[PDB]
Structures are given as C-alpha cells and as structure tokens.
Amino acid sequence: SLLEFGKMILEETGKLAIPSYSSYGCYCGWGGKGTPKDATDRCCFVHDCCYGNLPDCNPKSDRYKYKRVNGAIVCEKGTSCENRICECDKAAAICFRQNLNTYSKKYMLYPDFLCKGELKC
C-alpha cells in the first residue's frame, strides 16, 4: 500500500515520503509524461512502470508484509499481487537510497508543464 511504501521510503532514506518524494520531478507521486529530471525521478519512472506491469493489482491499497534481514528488505509471501507490489516498492526504496547523493530539493513541487513527452517503459 502507499502508506507501507512511504514507511519503507522513510526507513531507507531518512526522508519523509510526503513531502520528499510525493511531488518530485516528473514521475514521483504523480507519474505520467516527460523526461525524468534525474536519477531519483528515474526511480519513480521505473516504479510507475513496475506498477503498470500489474493492471489487475491495486498497489495504492493492497497491503503486503516484509521484514529486514540485517538491512535487507525481504518481501514475505502473500497473494501474487502483494508479492509483486512489494518487489516494486522494494526496488524503488533501494533506488532512492542509491541516488540520495544527487537528490535535489529544486525538483520538489515540480510543475507539470515542464514534463512533456511520453517515454516508453
């Protein structure tokens, strides 16, 4: 679920999902068009694609379980949808951590009109 993803993001990065990732660049928190602005935005692009791979799942609300094996996120077995959603979120959280070094506050609340063009998954 979105809330679980947000807790995972905070655990991983020490930033609150809202507002650090909820309106960032062209893809973070609100997904659709444009060239991603930076690596963090690309994490969101890929995460959007990952959810897009699951048209008959409901990632905003469906809850999954996961645990930490010293640091590492391990998705626990739920329904097929839950497992796949968890893997998408895990990847994005790791991606955010891997790209914290280039995270830029200037991309928070990034205006829609600067995001133009479709980029294929």
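Residue numbers run from 1 along the displayed sequence. The term rigid core refers to the most C-alpha atoms you can superpose between the two forms while keeping them within 1.5 Å.
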Discussion item. Which of the two stretches, 29 to 37 versus 82 to 90, has its Cα atoms farther on average from this form in 8 other deposited structures of this protein when everything is superposed by the rigid core?
Written reply: 29 to 37
Worksheet item: After a rigid core fit, does 11 to 19 or 109 to 117 show more C-alpha displacement in 8 other deposited structures of this protein?
Response: 109 to 117
Practice prompt. Output the stretch having the higher mean C-alpha B factor in the entry; the candidates are 45 to 53 and 32 to 40.
Written response: 32 to 40
Worksheet item: Taking the recorded C-alpha temperature factors, which stretch has the higher mean, 76 to 84 or 62 to 70?
Response: 62 to 70
Item to complete: Would you please rank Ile9 by its C-alpha temperature factor against the other modelled residues of its chain and give the third it falls in: lowest, middle or highest?
Response: lowest
